[PDB]
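Reviewing the structure listed below.
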Ligand SMILES: NC(=O)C1=CN([C@@H]2O[C@H](COP(=O)(O)OP(=O)(O)OC[C@H]3O[C@@H](n4cnc5c(N)ncnc54)[C@H](O)[C@@H]3O)[C@@H](O)[C@H]2O)C=CC1
Ligand SMILES: NC(=O)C1=CN([C@@H]2O[C@H](COP(=O)(O)OP(=O)(O)OC[C@H]3O[C@@H](n4cnc5c(N)ncnc54)[C@H](O)[C@@H]3O)[C@@H](O)[C@H]2O)C=CC1
Ligand SMILES: NC(=O)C1=CN([C@@H]2O[C@H](COP(=O)(O)OP(=O)(O)OC[C@H]3O[C@@H](n4cnc5c(N)ncnc54)[C@H](O)[C@@H]3O)[C@@H](O)[C@H]2O)C=CC1
Ligand SMILES: NC(=O)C1=CN([C@@H]2O[C@H](COP(=O)(O)OP(=O)(O)OC[C@H]3O[C@@H](n4cnc5c(N)ncnc54)[C@H](O)[C@@H]3O)[C@@H](O)[C@H]2O)C=CC1
Ligand SMILES: NC(=O)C1=CN([C@@H]2O[C@H](COP(=O)(O)OP(=O)(O)OC[C@H]3O[C@@H](n4cnc5c(N)ncnc54)[C@H](O)[C@@H]3O)[C@@H](O)[C@H]2O)C=CC1
Ligand SMILES: NC(=O)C1=CN([C@@H]2O[C@H](COP(=O)(O)OP(=O)(O)OC[C@H]3O[C@@H](n4cnc5c(N)ncnc54)[C@H](O)[C@@H]3O)[C@@H](O)[C@H]2O)C=CC1
Ligand SMILES: NC(=O)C1=CN([C@@H]2O[C@H](COP(=O)(O)OP(=O)(O)OC[C@H]3O[C@@H](n4cnc5c(N)ncnc54)[C@H](O)[C@@H]3O)[C@@H](O)[C@H]2O)C=CC1
Ligand SMILES: NC(=O)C1=CN([C@@H]2O[C@H](COP(=O)(O)OP(=O)(O)OC[C@H]3O[C@@H](n4cnc5c(N)ncnc54)[C@H](O)[C@@H]3O)[C@@H](O)[C@H]2O)C=CC1
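Protein chains in written order, with the entry's author numbering: chain B, 7 to 140; chain A, 7 to 144; chain C, 7 to 144; chain D, 7 to 140; chain B', 7 to 140; chain A', 7 to 144; chain D', 7 to 140; chain C', 7 to 144. A prime marks a further copy of an entry chain.
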C-alpha cells in the first residue's frame with residue numbers, strides 16, 4: 007500500500023513521478039539535497055538521507071513501507087549494502103535496480119524480491135512493440 | 007518485417023535478442039567485433055560498421071529496412087549523426103534511444119519516428135506495476 | 007548588416023567586442039546575467055536568454071537578423087538544438103562553433119552556413135605566420 | 007627556419023599539420039605516446055617527452071630551434087614551467103598558448119615572445135570576416 | 007591438497023610465506039606485479055592477474071585447487087566479486103578475508119566457506135594468551 | 007590478573023570482549039566516547055582518555071596494572087609515544103600492536119615486552135590451519 | 007607597520023603566532039575555516055577567504071597592509087597567482103614561501119620582494135649554529 | 007668539531023652545504039646515490055647508507071662524530087629509529103628534524119639533544135624580521 011523510493015536518478019525519479027501522477031503516496035529519498043528538492047513537489051515526502059546508514063534508515067521510518075525500490079545506480083556497493091540493510095529491517099517487498107549480471111547475482115542471494123535491468127527490460131519490451139506493428 | 011538494430015549495448019542487444027526469440031529477421035550492427043560476434047547467434051546477420059559513415063551504411067543495404075533502431079550510447083553526436091544519415095536514405099521508421107532532454111528535442115526535429123528513454127520509460131512501467139498492487143483488485 | 011551573437015564566452019564575446027569596436031550593431035545573448043551584463047557596454051543590446059527555447063528566440067525578434075553566430079560552449083546539443091531552431095526561422099546566415107568532428111558533420115547537415123573550429127583554425131593561421139618567416143622574403 | 011611544437015592538442019596539432027602541409031620541418035613533442043604517434047606521419051620528427059623536464063628537453067635538441075610553440079593547454083603550471091625552461095635554454099622565439107588573463111600575465115614576465123588566446127583571437131578574426139561580407 | 011592465495015597484502019602474504027615454510031605448494035596471485043615478484047621466491051607459482059575476471063581465473067587454472075584464500079582487503083567489491091566467481095567455478099573451499107560485519111554478511115550469502123576477520127580474531131587469540139599467563 | 011587495553015579498535019576491542027567473556031577484569035580506554043561507551047558493558051571500566059597524556063595516564067592509575075596492551079591504530083607515533091610513557095611508569099608487561107617493520111624495531115628498543123602484527127600473525131595461523139588439512143591425518 | 011599572512015600552514019601559522027606574541031596586529035587569512043578558527047585567538051583578525059580571488063582580496067582590505075606574507079605551500083599555482091594579484095593591488099612588501107627553484111624563479115619575475123625557502127634557510131641557520139658550538 | 011648529516015634533503019643538504027662553505031668537515035649520508043653524488047663536492051665524504059641499519063652505521067664509523075644530525079624526511083619511524091640507534095652508540099650530540107608534535111615528544115624522550123621544526127622555527131625568525139620593522143628604530 008505504501009511506496010518508498012531510494013535513489014532519485016533517471017529511473018527512481020521517473021518511478022516517483024508516475025506514482026505521484028497516479029495519485030499515490032511516495033517517500034522519495036536521496037543523499038544530495040539537490041535531487042531531494044527537485045522531487046519535493048512530485049513526492050509526498052522528500053528526504054535527504056543515506057540509505058547505507060541503518061540509523062538514517064530507521065529514523066526515516068522505512069519499516070513502515072510494503073514496497074521499497076532501491077534505484078541507486080552507479081554505486082553498486084551502496085546499492086548492495088542498502089538492499090542488505092532493508093532485508094534486515096524486514097521490508098516485505100524490495101525491488102532493486104541491477105547494474106549487471108554479477109550485481110544481479112548477489113542481489114538474489116542477499117534476498118531481493120525483484121531485480122530490474124531498466125535498459126535490457128525496455129529493449130525486450132521495445133522489440134515486442136516492433137512485432138506488434140507489422 | 008525487416009528489422010535492423012544499430013548499437014549492440016544493453017538496450018540494442020536486448021531488442022535483438024527478443025526479436026530473434028520471436029522468430030523475426032534482425033540485422034544487428036556495431037563498431038567492435040566483440041559485440042558483433044557475441045550477437046551473431048541471435049541475429050540473421052551481425053555486421054561490423056560505423057553507422058556514422060554513409061558509405062558503410064550503404065554497404066549494409068540499410069535502405070532495404072523498414073525499421074531501424076539507433077541504440078548508440080554515450081556518444082550523443084554519433085547517435086544524432088547516424089539518425090540524420092539514415093533519414094536521408096528515406097527509411098520509413100527510425101526509432102532512437104535518447105540520452106537526455108536536449109537530445110530528445112533535436113531527435114524530434116531531425117525526423118525520428120519514435121524516441122526511447124530506457125530508464126524513464128521503464129521507470130513508469132515499474133511505477134505502474136507498483137500502482138496496480140493497490141489500484142487493481144488483488 | 008545586423009549581427010546577433012548567441013553564447014558570450016571567449017569566442018562569442020570576443021566577436022561581440024570586435025564588431026562593437028568597428029562600430030557595427032550587435033545583439034549579444036546568453037543564459038546568465040553575469041555574462042550578459044559584462045557585455046552590455048560592448049553591444050547595442052545584451053539580452054538574457056536560453057537559445058534552446060523557441061519562444062525566447064522569438065521574443066528577441068531574432069528573425070530580423072541576417073547573421074546569427076551560435077557560440078554555445080561545452081553543451082554540444084545546446085548548440086545543434088539552437089542551430090536547428092533558428093534554421094526554422096529562415097535565418098539567412100548561421101555561423102556555428104563546432105566542438106569536434108561529429109559535431110561538424112551534424113552542423114553541416116543541419117544547414118549551418120559556416121562552421122568554425124577556433125583552436126584548429128587559429129592553429130593554421132599561427133602556422134602560416136611561422137611559415138611566412140621562411141617562405142616570405144625576410 | 008626551424009619549428010618545434012610542444013603539446014599536440016587541437017591547437018598544437020593543427021599547427022604541426024599546416025607546417026607540414028606547407029612543406030616545412032617540424033619537431034612535434036608530447037607526453038602520452040598516443041598523440042606522438044598520431045602525428046608521426048604529419049611531422050618531420052615526432053617525440054614522446056615531458057616538456058617540464060630540462061633533461062628530456064636538452065636530449066630533445068630543443069636549443070637548435072628558432073621557433074618553439076608551447077601548445078600545452080589545461081595544465082597552466084606545465085605550460086608556464088615549460089616556457090620558463092625554454093627561456094633559460096635561450097630559445098630565440100617562444101610562442102605560448104595562454105589559458106586566461108593571469109596565465110598570460112606571468113607568461114609575459116617569464117619572457118614569452120608571443121602569447122596566443124586561440125578562441126579570443128579567432129573571435130576577433132571572425133567578427134572582421136563578418137564585416138567583410140556586407 | 008592444493009593451496010591458492012589471491013591478494014598478497016599483509017594477510018595473504020603472510021599466509022603464502024608460511025605455507026611455503028611448511029613446504030607446501032602455493033599459487034600466489036595479485037594484480038600489480040610489484041607484489042607478484044616480491045613473493046615469487048616464497049611461492050611455488052606467482053602470477054600477475056585480476057581475480058575479478060573469470061578468464062584470467064580459468065587461464066590461471068584455479069578450479070584445480072581445493073583451497074582458495076581471497077585476501078583482497080581494501081576493495082570490498084573486488085573481494086566480493088572474486089569469491090562470487092570462485093563459487094561459480096565451484097571451488098570446494100574458499101576462505102575470504104572480511105572487512106566488516108556487512109561485508110561478512112554478503113560473503114556468507116554468496117557462499118564463502120570460512121570468513122576471516124584477521125584483527126578481531128587475533129584479538130580474541132591475544133586475550134586468551136593473556137589469561138594463559140597469570 | 008590486572009588487565010588494561012588502550013585503543014578500542016578491531017584488535018583492542020576484540021581482546022576486551024574476550025577477557026570479559028572469560029570473566030577477567032579489564033580496563034578499556036579510548037579517546038572518543040562512542041568507542042568508550044560501546045565497550046562499557048564488556049569491561050569492568052571504560053574510560054575516555056588520550057594515552058599520550060602522562061597526566062591522563064596517572065588519573066587512570068594505570069600503574070596498578072601488570073598487563074597493558076597498546077592497540078592504538080593509524081597514528082604510529084601515538085602508539086610509540088604511549089608505550090614510551092607507560093614504560094617510565096615501570097609497567098611489568100606492555101604488549102603493543104605494530105603497524106609495520108620500522109615500528110616493530112623501534113618498539114623493540116623502546117622496551118615493549120611483546121609485539122603483535124595482527125594481519126601477519128593471523129596469517130600464519132590460517133596457513134597452519136590449511137597446512138593441517140594436509141600434514142595431519144584427516 | 008601592518009602585517010597580513012595568507013596561508014596558515016606550519017610556516018604561516020608560526021609567523022602569525024610570533025607576531026601576536028610580540029604584541030603586533032595581524033590579519034590571518036585561509037580558505038578552509040578549520041585553520042581560520044584555530045588561529046582566531048592568536049591573531050588580531052582571522053578571516054576565511056581565497057587569496058586567488060581579487061574580490062575576496064579587496065573585500066579583505068588587503069591594500070591597507072605594508073607587509074603581506076603569502077604562506078600557501080603545496081599549491082604552487084595558488085601561491086603564484088596570489089602574489090601576482092597582490093603585486094597588482096600594489097602591496098609595498100610581499101614575502102612569499104617558495105616550494106622550489108622554479109617556483110622561486112617565477113616569483114622573482116612576478117615581483118615578489120622576499121622569497122623564503124623555510125627548510126633550506128633553516129638548514130644554513132642550523133649549520134651556523136653548529137659551528138658556534140665548538 | 008666533526009659533523010655528520012644523515013638525510014640529504016632540503017634541510018639536511020642545506021646544512022651540509024653551509025658547513026662546507028665555512029670550511030668544516032662534513033660526512034653527508036643518504037639512501038639513494040643520486041642524493042649522495044650531488045653532495046659529494048660539498049662534503050669531505052658522501053656515503054650511501056640506510057641509517058636504520060645498525061651495521062651500516064658502524065661501517066661509517068659514525069661513533070667518531072660528536073654531532074650527528076638526523077634529517078630523514080617523510081618516514082617518521084625511520085627518523086626515530088635512526089635516532090634510537092645512534093643513541094646506543096653514545097653519540098654526544100644528536101640533533102633531529104621533527105615532523106610534528108608527537109614526533110617531537112617521542113624524540114625528546116628518546117634522548118635527542120636538540121629538536122628542529124624547520125617550518126615553525128623559520129616561521130618565528132621571519133616574524134621577528136617583520137617585527138623589527140616596527141619595534142626597531144627604522
Ligand atoms: N552520474 C552521471 O553523471 C552519469 C551516469 N551515467 C550512467 O547512468 C547510469 C545510472 O543512471 P542514474 O541512476 O540516473 O545515475 P546515478 O548513479 O547518479 O543515480 C543514482 C541515484 O542514487 C542516489 N544515491 C547514490 N548513493 C546513495 C545513497 N547511499 N543513499 C541515497 N541515495 C543515493 C544518487 O544521488 C543518484 O541520484 C549508469 O550506468 C552510469 O554509468 C551516464 C552519464 C553520466
Ligand atoms: N559502456 C560504458 O563504458 C558506459 C556506459 N554508460 C551508460 O550506460 C548506459 C547503458 O550502456 P550502453 O548504451 O549499452 O553502452 P554503449 O554506449 O557502449 O552502447 C552503444 C553501443 O553502440 C556501439 N556504437 C557506438 N558508436 C557506434 C557507431 N558509430 N557505429 C556503430 N555502433 C556504435 C557501441 O560499440 C556499443 O556497443 C548508457 O545510457 C550509457 O550512456 C556510461 C558510462 C560508460
Ligand atoms: N567554462 C568552463 O567551465 C569550461 C570550458 N571548457 C572549454 O573551454 C573552451 C572555451 O570556453 P567557452 O566556450 O568560452 O565557455 P562556455 O562553454 O561557457 O561558453 C559558452 C557560452 O554560452 C552560454 N550558453 C550556454 N548554453 C546557452 C544557451 N542555451 N543559451 C544561451 N547561452 C548559452 C554560456 O553561459 C557561456 O557564456 C570551450 O571549447 C569549452 O568547451 C571545458 C571545460 C569547462
Ligand atoms: N582535455 C580535455 O579532455 C578537454 C579540454 N577542453 C578544453 O580544451 C582546451 C585545450 O585544448 P587542447 O590543447 O586540445 O587540450 P589539452 O590540454 O589536452 O592539450 C594539451 C596537449 O599538451 C600535452 N601536454 C601536457 N603536459 C605536457 C608536458 N608536460 N609535456 C608534453 N606535452 C604535454 C598533452 O598531452 C596534450 O596533447 C582547454 O581550454 C580545455 O578546457 C574541452 C573539453 C575536453
Ligand atoms: N593500501 C594501503 O596503502 C594501506 C592500507 N591500510 C589498511 O590495511 C587494511 C588492508 O590490509 P592489506 O590487505 O595489506 O591491504 P591491501 O588492500 O593493499 O591488500 C590487498 C591485496 O589484494 C590485491 N588485490 C586487490 N584487488 C585485486 C584483484 N582484483 N585481483 C588480485 N589481487 C588484488 C592488492 O594488490 C593487495 O596486495 C585495510 O583495512 C586498509 O584500510 C592502512 C594503511 C595503508
Ligand atoms: N578506522 C579507520 O578509519 C582506518 C583504519 N585503517 C587501518 O585499519 C586497521 C584496523 O583498524 P583499527 O586499528 O581498529 O582502527 P583505529 O586506528 O581507529 O584503532 C585505534 C583505536 O585507538 C584509539 N586511539 C587513537 N589514538 C588514541 C590515543 N591517543 N589515546 C587513546 N585512544 C586512542 C582510536 O579512537 C581507535 O578506537 C589498522 O591497521 C588501521 O591502520 C586504515 C585507514 C583508516
Ligand atoms: N598538506 C599536507 O597534508 C602535507 C604537506 N607536507 C609538506 O608541507 C609543506 C607545506 O607545509 P604547509 O604550509 O603546512 O602545508 P599546506 O600546503 O597545507 O599549507 C598552506 C596553507 O595555505 C592555505 N591555502 C591554500 N590555498 C589557499 C588559497 N587559495 N587561499 C587561502 N589560503 C590558501 C591552506 O589552507 C593551508 O593552511 C610542503 O612542502 C608539503 O610537501 C608534508 C606532509 C603533509
Ligand atoms: N620529497 C617528497 O616526495 C615529499 C616531501 N614532503 C615533505 O617535504 C618536506 C621537505 O622534503 P625533504 O625532507 O627534503 O624530503 P625527504 O623526505 O625525501 O628528505 C629526506 C632525505 O633523507 C633520505 N632518507 C630517507 N630515509 C633514509 C634512511 N633510512 N637512511 C638515509 N637517508 C634516508 C631521503 O632519501 C632524502 O634525501 C618535508 O617536511 C617532507 O615531509 C611531503 C611529501 C612528499
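Where is the CB? At the ideal position from N, CA and C, for every residue including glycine.
- In the DSSP assignment, residue 120(A') falls within the unbroken beta strand (DSSP E) covering 120-122.
- Within 7 Å of the CB of residue 45(A'), no CB atom of chain B' is found; the nearest one sits about 12 Å away.
- Across the segment 81-94 of chain D, CB contacts with chain D' closer than 9 Å involve 82, 83, 86, 87, 90, 91 and 94, in sequence order along the chain.
- Using a cutoff of 6 Å, the CB of residue 27(B) does not count as near ligand 3, since none of the ligand's heavy atoms is closer than that.
- Using a Cβ-Cβ cut-off of 7 Å, residue 70(B') is close to nothing in chain A'; its nearest Cβ partner there is about 16 Å away.
- In terms of beta-carbon proximity, residue 127(D) lines the interface with chain C, with at least one pair separated by less than 7 Å.
- Contacts with chain B (Cβ-Cβ distance below 7 Å) from the segment 96-119 of chain B' involve 108, 111, 112, 115 and 116, listed in chain order.
- Sorted by chain position, residues whose beta-carbon lies closer than 5 Å to a non-hydrogen atom of ligand 3 are 13(C), 14(C), 15(C), 16(C), 36(C), 37(C), 41(C), 56(C), 57(C), 58(C), 78(C), 79(C), 80(C) and 84(C).
- Contact with chain A is found for residue 25(B), since one of that chain's Cβ atoms lies less than 7 Å from the residue's Cβ.
- Burial is judged here by how many other beta carbons sit within 10 angstroms of a residue's own beta carbon; residue 73(D) has at least 16 and is buried.
- For residue 133(B), the chain A residues whose Cβ falls inside 7 Å of its Cβ are 21, 24 and 25, in order along the chain.
- CA-CA distance, residue 36(B') to residue 38(C'), rounds to 28 Å.
- The Cβ atoms of residue 48(B) and residue 26(B) sit closer than 7 Å to each other.
- For residue 140(D), the secondary structure class from DSSP, reduced to helix, strand or coil, is coil.
- A residue is called buried when at least 16 other Cβ atoms come within 10 angstroms of its Cβ; residue 136(C') meets this threshold and is buried.
- In the displayed model, residue 9(B') falls within a strand according to three-state DSSP.
- Residue 65(A) does not reach chain B, its nearest Cβ partner there being about 24 Å away, counting only Cβ pairs nearer than 7 Å.
- Remark: the C-beta of residue 62(D') is outside contact range of ligand 2, defined as less than 6 Å to any heavy atom.
- Per the coordinates, the alpha-carbon of residue 70(D) lies some 8 Å from the alpha-carbon of residue 8(D).
- Excluding its 5 nearest sequence neighbours in each direction, residue 90(B') has C-beta neighbours in its own chain below 7 Å: 116, listed in chain order.
- Separation of the CB atoms of residue 103(B) and residue 77(B) is rounded to 5 Å, and the pair is thereby assigned contact status at 8 Å.
- Residue contact check for residue 53(D) against chain C: no CB pair falls below 7 Å.
- Around residue 52(B), the same chain offers 34, 42, 45 and 46 as residues with beta carbons nearer than 6 Å, after the five sequence neighbours per side are excluded.
- Taking a Cβ-Cβ threshold of 7 Å, the residues of chain D close to residue 130(C) are 20 and 24, in chain order.
- For residue 122(B'), the chain A' residues whose Cβ falls inside 9 Å of its Cβ are 128 and 132, in order along the chain.
- At a cut-off of 7 Å between C-beta atoms, residue 48(D) does not count as an interface residue with respect to chain C.
- Beta-carbon to beta-carbon, residue 92(A) and residue 100(A) are separated by about 6 Å, close enough to satisfy the 8 Å threshold.
- Nearest CB-CB separation between residue 7(D) and chain C: below the 7 Å threshold.
- Taken atom to atom, the span from the alpha-carbon of residue 15(D') to that of residue 55(D') is near 14 Å.
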